[PDB]
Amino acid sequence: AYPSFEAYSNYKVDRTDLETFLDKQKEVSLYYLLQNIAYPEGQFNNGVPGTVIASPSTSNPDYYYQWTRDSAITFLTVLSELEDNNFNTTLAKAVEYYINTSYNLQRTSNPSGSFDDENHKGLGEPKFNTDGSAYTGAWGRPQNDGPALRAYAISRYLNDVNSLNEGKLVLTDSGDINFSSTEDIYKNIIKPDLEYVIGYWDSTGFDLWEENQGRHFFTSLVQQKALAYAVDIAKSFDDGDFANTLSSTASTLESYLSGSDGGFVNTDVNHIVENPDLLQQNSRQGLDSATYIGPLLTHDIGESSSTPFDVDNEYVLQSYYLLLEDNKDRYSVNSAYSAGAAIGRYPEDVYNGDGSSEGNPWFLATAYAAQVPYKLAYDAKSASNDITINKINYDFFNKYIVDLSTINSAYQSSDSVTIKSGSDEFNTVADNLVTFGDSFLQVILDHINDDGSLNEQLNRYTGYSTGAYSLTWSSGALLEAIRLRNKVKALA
């Protein structure tokens, strides 16, 4: 049951036209995203302001909780909307309420620990109840991606306040808020999460799927990004010694991510191994949609990101191709798709959205899979950068994008093919990347509920929606796909 849910009234998806669907859904999915955020001006005006529910599903399954990860990822979508529009003050108020609630949750003792523990050990706690109290039941704790994604989101709001709102906050003359300046947010809310990541990046915790403990590519990547991005924030508040702590730590984590201690880059299999400890146990072989979701979250197109493992990395793109090819054979629903297809979490998954049997494809994974080729095209065309295709990725490009012997007849004798910006083949490759990305959004249009809401999962046989209803992260993933598609279609 999902008692709180309110459909977008008298809307029904049009399944006959992708273009019309994406134009309309841009508004519809934002309505469903904002419905799950408490803020006085919103639909969810009875919750504690700044609370993000993962889903209105309160049973079968029960996802009516606030997780640090889903709240942060939700607000990266809110931030993109704030950046693209006029620093809309309604949306900015919602971000400041989330910053305030985040301050309170940081200071809430829970089963992971408390704020006064070494390097604020309680900040690894994955989820809290909707009234802001601790979740005391057994859970896969800690999860060390959450404080990194929260630190990145709130850092990014400070950069936008400085650049779009002349350095001013929107909730300054309010008595309900626990900060009165950008420096207060940095010292009191951003720094404590970056201290957590400095203290605990080389420590064991649970992955983003909340299932296994050990080394995880996504977790380390989103930590590296939070630290790197915060360097210039810290400098701006005259926190120079901490800036250089962050710089040094970010470089150290970069080396860990790309070396044999981390174990994620596996040149025996030539793809990323998302969870290397489960490869040692022989329990999973390493393919996971988290391998390309992390790259996408950590390289927003509106930044000039230094951080490693963008989606043009050969081992990330090989994990993406090999998961695609797995899922096209694995899920019967995908028999009528010849390009993109419905994608799940990892090939070994047994979670069926409300128990264990056989895993299913996920709407969020499918929406991120559209973003991979959209970003490859956008990064080339927007900047007039050449496209360089490494030999490990030739099979992917020949099967789905372009025949590489039509570009260079001797390509199999070289280690890479470089397609030059401006050339006719470059325009073909970029348009074919976009059309490939659209094929994943066509899968979503085939199987979305008629009311425009997105569940967590779609059944592997039929494609009918299943699991948690109107999952906030699903809505967000589709909104970011539509955003990237409109940005690259505006260049042609």
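For every residue, the number given is its place in the sequence shown, counted from 1.
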Hey, which bit's got the bigger mean C-alpha B factor in the entry, 426 to 434 or 46 to 54?
46 to 54
With respect to the recorded C-alpha B factors, which stretch has the higher mean value, 394 to 402 or 302 to 310?
302 to 310
Among 354, 160, 145, 288, which residue carries the highest C-alpha B-factor recorded in the PDB entry?
354
The largest CA temperature factor among 279, 369, 170, 222 is found at 170
Of the three thirds of Cα B-factor ranks in this chain, residue 41 occupies the highest
Place residue 474 in the lowest, middle or highest third of its chain's C-alpha B-factors, as listed in the PDB entry.
lowest
What third of the chain does residue 68 rank in for C-alpha temperature factor, lowest, middle or highest?
lowest
Residue 267: which third of its chain by C-alpha temperature factor?
highest
Assigned third (lowest, middle, highest) for the C-alpha B factor of residue 358
highest
